[PDB]
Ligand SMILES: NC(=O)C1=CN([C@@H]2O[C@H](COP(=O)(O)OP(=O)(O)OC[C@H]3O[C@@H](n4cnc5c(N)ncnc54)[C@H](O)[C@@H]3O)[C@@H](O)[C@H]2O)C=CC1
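Form solved without this ligand, single chain, as C-alpha cells, below.
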C-alpha cells in the first residue's frame, strides 16, 4: 500500500463515495470526512464529521494522515457565506493543519469553473489567466493561489486538479469535452502520490477525450496518461438527448450553465 493513512474529505458526496471505495487499496487506513452524515466506518476505515471552518477540528482531522484527497467544501455556486466557510476559511485551515502535521501531499479538487468564461473553441494550457464563472470558481482560484504560496514558502506539495465533469458517463454535448472518468481520476491520484517530486502543478481533470479543450502535455513527468475517451459516447448522446441550442451557455462557455448563474443570496 502507498501509505499508512489517507484522508478523503467530501466523502459523503457522490464523488467522495466513489473514492471511498476506489482508493481503499492505496492505504492501510482510509479516513473519511465530511460535514454531511457519513455511512459508518467499516473495516479499515475511520469516519470524522467536521466543519472545515472550525480550525481545531481540521487539525484533528489531518493529524496522523500521510496524504489528503480534498473533495470537501461547497461544490456548486452558492451564496457567499457558505463558500467563504467551506472553500476559503476551510482551505486556510486545511493548509495550516497540513503544515502542522508533516505536510502530507494534497490532491486538491479545483474546477473547470476557474476558467468558465473562456469560449469552448479556445484550447487552454495550464498557465492561462483565470476567468472564474461565479463565486464558486473564485473560491477554487483562492485554493490554487493559497496552495502555490504554501508550496513556495514551506514546500507543501499539491496537485491542483481542475475537475471537468467527473461522472460515471458523459450525458450531454459539453461532457464530450469535459468528462473525467472514475478510472482516470483514480489513476491520476495514484500517479500524484507515487511521484518522488510533485511540486504544485495545475492538472486538467479530464479523460483522453477527442473533443477535449485542455492541454496536459507539460504534466508528462508524472507518467499519467488517461485511457478513457468521451468520444465513444457521441453517437449515444445524439441518440438519447435533444440537440443543444447553439445559443445555450452549455455549448458556448467552458463553464457551461454556471456563467448564467446570478450572485445567489441566502
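Positions refer to the first chain, counted from 1.
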If you average the Cα B factors in the entry, which is higher, 21-29 or 239-247? 239-247
Return whichever of 125-133 and 162-170 has the greater mean Cα B factor according to the PDB record. 162-170
Per the coordinate record, which of the options 68, 35, 200, 57 holds the highest CA temperature factor? 35
Of 107, 83, 141, 195, which one's C-alpha B factor is largest in the deposited record? 195
For residue 255, does the deposited CA B-factor place it in the lowest, middle or highest third of the chain? lowest
Which third of the chain does residue 48 land in by C-alpha B-factor: lowest, middle or highest? highest
Where does the C-alpha B-factor of residue 206 rank in its chain, lowest, middle or highest third? lowest
Sorting the chain's modelled residues by C-alpha B-factor, tell me whether residue 93 ends up in the lowest, middle or highest third. lowest
Here the Cα B-factor of residue 8, set against its chain, lands in the third termed middle
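Although it is not shown, the form solved in complex with this ligand is what the next lines describe.
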Which residue among 51, 46, 28, 231 has a heavy atom within 4.5 angstroms of this ligand in the bound PDB entry? 51
Using heavy atoms only and a 4.5 Å cut-off, determine which of 189, 147, 109, 176 is in contact with this ligand in the bound PDB entry. 109
Consider residue 217 of the chain shown here, and say whether it contacts this ligand in the bound PDB entry, taking contact as heavy atoms within 4.5 Å. no
Looking in the bound PDB entry, any heavy atom of residue 74 within 4.5 Å of this ligand? yes
Can you tell me whether residue 36 touches this ligand? I mean in the bound PDB entry, with a 4.5 angstroms heavy atom cut-off. yes
Might residue 166 be said to contact this ligand in the bound PDB entry, defining contact as any heavy atom within 4.5 Å? yes
When this ligand is placed as it is in the bound PDB entry, which of 122-130, 151-159, 94-102, 109-117 ends up with heavy atoms within 4.5 Å of it? 109-117
Counting only non-hydrogen atoms and a 4.5 Å cut-off, give the residues of 13-46 close to this ligand in the bound PDB entry. 13, 14, 15, 16, 34, 35, 36
